[PDB]
Amino acid sequence: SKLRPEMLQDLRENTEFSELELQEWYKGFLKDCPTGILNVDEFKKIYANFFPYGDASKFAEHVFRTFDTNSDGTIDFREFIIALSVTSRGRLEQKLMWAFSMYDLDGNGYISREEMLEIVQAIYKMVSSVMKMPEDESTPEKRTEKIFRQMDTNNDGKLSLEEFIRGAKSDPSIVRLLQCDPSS
Ligand SMILES: [Ca+2]
Ligand SMILES: [Ca+2]
Ligand SMILES: [Ca+2]
């Protein structure tokens, strides 16, 4: 019930957690999920702490699929800690790559319109009960309407990775973050 030296090392290489933190996380993850596999229903219960279960469920399924890199139906500790590390301590570039893999539902390497609207509908449903939204990006259709007409360079009905990454950096919260670049 400690990571084997060889696995510990492999995870220190593929994450931004220290040994102690990986050790602590493995203990916790096992203590909370004695099987060492986290399924969809379990994951939705994690999300339901933060937002009503029924509301968050469709977003929680989309995220679960992004964590589940081999797409077998469950998240093992490697898949979980890696995915957590990227999203919580990753570089902004690779955060947004990970978000792109999520938005791109068929995995053809292009965010289609009906792919975008799906995810945004789920994000809006999850938060509907607590967040009050802007006004112009304040229905999913309204929001999705903004994105493509701020992001679709050629207007090929699709968003490539490159159109997405750049587009997102105007997201107001990313505009806040860039003012903290330690390259003053
Ligand atoms: Ca899996
Ligand atoms: Ca696609
Ligand atoms: Ca395009």
# chains A, B, ... in the order shown; residues from 1 in each chain; ligands from 1
>>> closest_atom_pairs(of="stretch 124-180 of chain A", to="stretch 51-60 of chain A", cutoff="10 Å", atoms="only C-alpha atoms", output="CSV")
residue,atom,partner,partner_atom,distance
A:124,CA,A:55,CA,8.9
A:125,CA,A:55,CA,5.5
A:126,CA,A:56,CA,4.1
A:127,CA,A:51,CA,6.9
A:128,CA,A:55,CA,7.9
A:129,CA,A:52,CA,8.1
A:130,CA,A:51,CA,8.3
>>> residues_near_ligand(ligand="ligand 1", cutoff="12 Å", atoms="only C-alpha atoms and all ligand atoms", output="PyMOL selection string")
chain A and resi 36-40+64-80+83
>>> residues_near_ligand(ligand="ligand 2", cutoff="10 Å", atoms="only C-alpha atoms and all ligand atoms", output="list in words")
residues 100, 101, 102, 103, 104, 105, 106, 107, 108, 109, 110, 111, 112, 113, 114, 115, 116, 158, 159 and 160 of chain A
>>> select_by_dssp(residues="stretch 24-155 of chain A", states="strand (DSSP E or B)", output="list in words")
residues 37, 38, 39, 74, 75, 76, 111 and 112 of chain A
>>> residues_near_ligand(ligand="ligand 3", cutoff="7 Å", atoms="only C-alpha atoms and all ligand atoms", output="list in words")
residues 152, 153, 154, 155, 156, 157, 158, 159, 160 and 163 of chain A
>>> residues_around(residues="residue A:142", least_positions_apart="4", cutoff="12 Å", atoms="only C-alpha atoms", output="list in words")
residues 117, 120, 121, 124, 133, 134, 135, 136, 137, 138, 146, 147, 148 and 149 of chain A
>>> write_last_selection(atoms="C-alpha atoms", output="short mmCIF file (atom, residue, chain, number, x, y, z; two decimals), in the first residue's frame")
data_model
loop_
_atom_site.label_atom_id
_atom_site.label_comp_id
_atom_site.auth_asym_id
_atom_site.auth_seq_id
_atom_site.Cartn_x
_atom_site.Cartn_y
_atom_site.Cartn_z
CA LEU A 117 -22.83 23.26 -28.12
CA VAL A 120 -21.46 24.12 -23.15
CA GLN A 121 -25.06 22.94 -22.59
CA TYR A 124 -24.47 25.50 -18.12
CA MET A 133 -24.07 34.34 -16.06
CA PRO A 134 -23.24 37.57 -18.10
CA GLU A 135 -26.10 38.52 -20.59
CA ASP A 136 -24.55 38.11 -24.10
CA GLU A 137 -22.96 34.71 -23.31
CA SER A 138 -25.96 33.75 -21.13
CA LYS A 146 -19.69 34.03 -29.34
CA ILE A 147 -16.95 31.35 -29.40
CA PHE A 148 -17.02 30.40 -33.12
CA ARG A 149 -17.14 34.10 -34.21
#
>>> select_by_dssp(residues="stretch 28-136 of chain A", states="alpha helix (DSSP H)", output="PyMOL selection string")
chain A and resi 28-32+40-48+53-67+77-89+92-103+113-127
>>> residues_around(residues="stretch 174-176 of chain A", least_positions_apart="4", cutoff="12 Å", atoms="only C-alpha atoms", output="ChimeraX atom specification")
/A:92-93,95-96,165-170,180-181
>>> write_last_selection(atoms="C-alpha atoms", output="PDB file, in the first residue's frame")
ATOM      1  CA  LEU A  92      -1.746  26.718 -19.698  1.00  0.00           C
ATOM      2  CA  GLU A  93      -0.900  25.332 -23.144  1.00  0.00           C
ATOM      3  CA  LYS A  95      -4.520  22.547 -19.998  1.00  0.00           C
ATOM      4  CA  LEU A  96      -6.104  23.816 -23.147  1.00  0.00           C
ATOM      5  CA  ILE A 165      -5.856  27.518 -27.929  1.00  0.00           C
ATOM      6  CA  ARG A 166      -5.504  31.128 -29.127  1.00  0.00           C
ATOM      7  CA  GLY A 167      -9.222  31.765 -28.943  1.00  0.00           C
ATOM      8  CA  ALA A 168      -9.388  30.699 -25.266  1.00  0.00           C
ATOM      9  CA  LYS A 169      -6.559  33.026 -24.161  1.00  0.00           C
ATOM     10  CA  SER A 170      -9.055  35.922 -24.541  1.00  0.00           C
ATOM     11  CA  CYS A 180       0.478  37.362 -13.260  1.00  0.00           C
ATOM     12  CA  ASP A 181       3.141  35.982 -15.717  1.00  0.00           C
TER      13      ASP A 181
END
>>> closest_residue(among="A:42, A:50, A:26, A:99", to="residue A:62", atoms="only C-alpha atoms")
A:99
>>> closest_residue(among="A:17, A:179, A:63, A:3", to="residue A:43", atoms="only C-alpha atoms")
A:63
>>> closest_residue(among="A:32, A:89, A:45, A:5", to="residue A:19", atoms="only C-alpha atoms")
A:5
>>> closest_residue(among="A:91, A:2, A:46, A:33", to="residue A:16", atoms="only C-alpha atoms")
A:91
>>> atom_distance(atom1="atom CA of residue A:11", atom2="atom CA of residue A:86")
12.3 Å
>>> closest_residue(among="A:87, A:150, A:49, A:1", to="residue A:29", atoms="only C-alpha atoms")
A:1
>>> atom_distance(atom1="atom CA of residue A:44", atom2="atom CA of residue A:61")
7.3 Å
